[PDB]
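Structure first, then comments.
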Amino acid sequence: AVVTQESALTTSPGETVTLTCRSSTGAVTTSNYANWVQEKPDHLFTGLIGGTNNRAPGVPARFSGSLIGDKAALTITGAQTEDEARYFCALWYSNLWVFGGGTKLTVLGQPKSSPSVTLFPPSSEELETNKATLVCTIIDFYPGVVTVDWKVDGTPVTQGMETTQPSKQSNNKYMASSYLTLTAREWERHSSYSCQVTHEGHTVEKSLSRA
Amino acid sequence: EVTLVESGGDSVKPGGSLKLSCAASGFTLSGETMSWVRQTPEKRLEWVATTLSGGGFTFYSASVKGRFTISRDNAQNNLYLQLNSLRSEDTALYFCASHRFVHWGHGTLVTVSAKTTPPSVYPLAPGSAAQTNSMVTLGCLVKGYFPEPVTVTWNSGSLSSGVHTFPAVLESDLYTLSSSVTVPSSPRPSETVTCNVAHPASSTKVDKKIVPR
Ligand SMILES: O=C(O)CN(CC(=O)O)C[C@H](Cc1ccc(NC(=S)NCCO)cc1)N(CC(=O)O)CC(=O)O
Ligand SMILES: [In+3]
């Protein structure tokens, strides 16, 4: 059994939103004891709903769990700004527990903002070491969701790319950075390098030509 | 007031063993179903194990069966988890949760790696650059260190605004951090910029001045 949830959702403060949890194997039922937990900054978890309906003590009335469709659902009636968190769901399959991938929920507390991207070439000092680390910095983007894709000579570089996960900023915006590692030999063989960051449909591509 | 606090996580070499603890407060362990859950670097949640109350069954994730053992210590109001033929896959923040995951502990990190190493700092300068906003972004690559943390600063506090330090990244048993600064094209190259990095563990102190490419 696989448990699927929406990647991300975005609401504005005061609106009602619904997050769902689908079961690979079949209809979610009462005996899967649908569970909902929230994850806040600095990996702070707290249980919201248990047993498909039951609100943990202390959790505000705003959150509700239920079954709608062949799925388990969490509705946040009149979503508040402090509700921008990650929501995970868990289902019991009479032996084990299966957690879904989590839903990055966004409550717009400020205008949408595009990422400030910048690509750095590999330093001299580094190439000496037979290493070539291309750094792509992604900044002041809001919502906190980005997709990074790397291209070497127009071909999508399928590997050697590691990407950090979004992290808040004091202005409650987010950052991330991606890395592209190659050997100094690899690097020589190519002349066009590109880091393309997509955010809410709009793709910003910062490139560089080596030769 | 219920309190959970796990301890025991440390670096460990692949194939090594560990034993984590979860001390409970606010309730009596015996009559409470407790679980172990792990959050990976990918920021994904995974069920590790559950032990039912009364004196009932204990269930294990397929990814954990045979290698990990859960134990209760009702006498000390402690929950234990033994980890034995450790794999790269097992590196994560481990947490214990109460019945139906209402209360959670703060987590304990277990890193399955090779060994301690001071960082290789690299300065990042723009490639024969321009100035869009009459603003230039400089940086610093803090590479191949172990274990975490690292302290990056710029002109040692002088530069505070325009600083973006990115979370670490672990690839071949070693971390990779990156830091940056944005400055008007007035300050650099006219004035110098230095990234100050300090690796506590290793008692490493390095300063890299960012000069033109
Ligand atoms: O809490 C859990 O992790 C498991 N929960 C599911 C839930 O409460 O959401 C389910 C659990 C009931 C429960 C207990 C055991 C099994 N599996 C058995 S008997 N397998 C037989 C193997 O030979 C299934 C369900 N609890 C139900 C409840 O809380 O009312 C009682 C308990 O936790 O002891
Ligand atoms: In139960």
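In the structure tokens, the first chain shown is A, the next is B, and so on; residue numbers restart at 1 for each chain, and ligands run from 1 in the order shown.
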
Legend entry - All residues 6 Å or closer to stretch 12-17 of chain B, only C-alpha atoms, same chain fewer than 2 positions away omitted, as a PyMOL selection string: chain B and resi 83-87+112-114

Since we have the selection now, will you write its residues out, keeping N, CA and C atoms, as an mmCIF file, in the first residue's frame?
data_model
loop_
_atom_site.group_PDB
_atom_site.id
_atom_site.type_symbol
_atom_site.label_atom_id
_atom_site.label_comp_id
_atom_site.auth_asym_id
_atom_site.auth_seq_id
_atom_site.Cartn_x
_atom_site.Cartn_y
_atom_site.Cartn_z
ATOM 1 N N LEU B 83 19.183 -0.349 16.924
ATOM 2 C CA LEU B 83 19.373 -0.361 15.435
ATOM 3 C C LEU B 83 20.647 -1.145 15.170
ATOM 4 N N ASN B 84 20.689 -2.211 14.424
ATOM 5 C CA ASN B 84 21.837 -3.086 14.177
ATOM 6 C C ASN B 84 22.627 -3.298 12.930
ATOM 7 N N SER B 85 22.117 -3.335 11.754
ATOM 8 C CA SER B 85 23.040 -3.552 10.585
ATOM 9 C C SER B 85 22.582 -2.337 9.780
ATOM 10 N N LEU B 86 23.102 -1.234 10.286
ATOM 11 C CA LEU B 86 22.859 0.112 9.819
ATOM 12 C C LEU B 86 23.291 0.327 8.375
ATOM 13 N N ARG B 87 22.428 1.057 7.678
ATOM 14 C CA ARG B 87 22.618 1.357 6.246
ATOM 15 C C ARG B 87 22.482 2.795 5.937
ATOM 16 N N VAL B 112 24.668 7.559 9.333
ATOM 17 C CA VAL B 112 25.402 6.338 9.025
ATOM 18 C C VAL B 112 26.515 6.795 8.051
ATOM 19 N N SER B 113 27.728 7.065 8.562
ATOM 20 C CA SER B 113 28.799 7.522 7.642
ATOM 21 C C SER B 113 30.192 6.998 7.836
ATOM 22 N N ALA B 114 31.125 7.468 7.001
ATOM 23 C CA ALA B 114 32.562 7.143 7.019
ATOM 24 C C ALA B 114 33.326 7.893 8.102
#

Inset, instruction - Residues up to 10 Å from ligand 2, counting only C-alpha atoms and all ligand atoms: could you list those as a list in words? - result: residues 33, 50, 51 and 92 of chain A; 32, 33, 34, 50, 51, 52, 53, 98, 99, 100 and 101 of chain B

Next, dump the selected residues to file, keeping only N, CA, C and O atoms, as a CSV table (one decimal), in the first residue's frame.
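Output saved as part_9.csv:
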chain,number,residue,atom,x,y,z
A,33,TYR,N,-8.2,3.9,10.3
A,33,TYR,CA,-8.0,4.9,11.4
A,33,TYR,C,-7.2,6.0,10.9
A,33,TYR,O,-6.1,6.4,11.4
A,50,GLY,N,-7.0,11.8,14.7
A,50,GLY,CA,-6.8,10.4,14.9
A,50,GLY,C,-8.2,9.7,14.7
A,50,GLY,O,-9.3,10.3,14.9
A,51,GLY,N,-8.1,8.4,14.4
A,51,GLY,CA,-9.4,7.6,14.3
A,51,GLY,C,-10.4,8.3,13.3
A,51,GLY,O,-11.6,8.3,13.6
A,92,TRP,N,-3.5,3.1,8.7
A,92,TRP,CA,-3.3,1.8,9.4
A,92,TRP,C,-3.9,0.7,8.5
A,92,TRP,O,-5.1,0.8,8.1
B,32,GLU,N,0.1,2.6,27.2
B,32,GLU,CA,0.2,3.4,26.0
B,32,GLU,C,1.0,2.7,24.9
B,32,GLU,O,2.0,2.2,25.1
B,33,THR,N,0.3,2.8,23.7
B,33,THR,CA,0.8,2.3,22.4
B,33,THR,C,1.8,3.4,22.0
B,33,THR,O,1.4,4.6,21.9
B,34,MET,N,2.9,2.9,21.7
B,34,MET,CA,4.0,3.8,21.3
B,34,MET,C,4.6,3.4,20.0
B,34,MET,O,4.7,2.2,19.7
B,50,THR,N,5.9,0.1,16.0
B,50,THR,CA,4.8,0.3,17.0
B,50,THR,C,4.7,-0.8,18.0
B,50,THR,O,5.0,-2.0,17.7
B,51,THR,N,4.4,-0.4,19.2
B,51,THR,CA,4.3,-1.5,20.2
B,51,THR,C,3.0,-1.2,20.9
B,51,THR,O,2.8,-0.2,21.5
B,52,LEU,N,2.1,-2.2,20.9
B,52,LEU,CA,0.8,-2.0,21.5
B,52,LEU,C,0.9,-2.1,23.0
B,52,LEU,O,1.8,-2.8,23.6
B,53,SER,N,0.0,-1.4,23.7
B,53,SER,CA,-0.2,-1.4,25.1
B,53,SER,C,-0.7,-2.7,25.6
B,53,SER,O,-0.9,-3.7,24.8
B,98,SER,N,3.3,9.1,20.8
B,98,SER,CA,2.3,8.5,21.6
B,98,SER,C,1.2,7.8,20.7
B,98,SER,O,1.3,7.9,19.5
B,99,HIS,N,0.3,7.2,21.4
B,99,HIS,CA,-0.8,6.6,20.6
B,99,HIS,C,-1.5,7.6,19.6
B,99,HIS,O,-1.7,8.8,20.0
B,100,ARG,N,-1.7,7.1,18.4
B,100,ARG,CA,-2.3,7.9,17.3
B,100,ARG,C,-1.5,9.2,17.0
B,100,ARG,O,-2.1,10.2,16.6
B,101,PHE,N,-0.2,9.1,17.3
B,101,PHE,CA,0.8,10.1,17.1
B,101,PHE,C,0.4,11.5,17.6
B,101,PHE,O,0.8,12.6,17.0

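The residues of chain A lying at most 6 Å from chain B, with only C-alpha atoms taken into account, are residues 46, 47, 50 and 120 of chain A.
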
Within 10 Å of ligand 1, which residues of chain A show up? Give each one with its shortest atom-to-atom distance in Å (one decimal) and the two atoms involved, counting only C-alpha atoms and all ligand atoms, rows by chain then rising residue number, as a Markdown table.
| residue | atom | partner | partner_atom_place_in_ligand_line | distance |
| --- | --- | --- | --- | --- |
| A:30 | CA | ligand 1 | 9 (O) | 9.6 |
| A:31 | CA | ligand 1 | 6 (C) | 8.1 |
| A:32 | CA | ligand 1 | 9 (O) | 7.2 |
| A:33 | CA | ligand 1 | 9 (O) | 4.4 |
| A:34 | CA | ligand 1 | 9 (O) | 6.8 |
| A:35 | CA | ligand 1 | 9 (O) | 6.6 |
| A:49 | CA | ligand 1 | 9 (O) | 9.7 |
| A:50 | CA | ligand 1 | 9 (O) | 6.1 |
| A:51 | CA | ligand 1 | 9 (O) | 5.3 |
| A:52 | CA | ligand 1 | 9 (O) | 8.3 |
| A:90 | CA | ligand 1 | 9 (O) | 8.7 |
| A:91 | CA | ligand 1 | 9 (O) | 7.6 |
| A:92 | CA | ligand 1 | 6 (C) | 5.9 |
| A:93 | CA | ligand 1 | 24 (C) | 8.1 |
| A:94 | CA | ligand 1 | 24 (C) | 4.6 |
| A:95 | CA | ligand 1 | 17 (N) | 5.2 |
| A:96 | CA | ligand 1 | 3 (O) | 7.8 |
| A:97 | CA | ligand 1 | 3 (O) | 7.2 |

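The two atoms in question, atom CA of residue A:185 and atom CA of residue B:209, are spaced 26.8 Å apart.
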
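Distance-wise, atom CA of residue A:86 and atom CA of residue B:2 end up 22.9 Å apart.
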
Inset, instruction - Quote the spacing between atom CA of residue B:183 and atom CA of residue B:134 in Å to one decimal place. - result: 8.4 Å
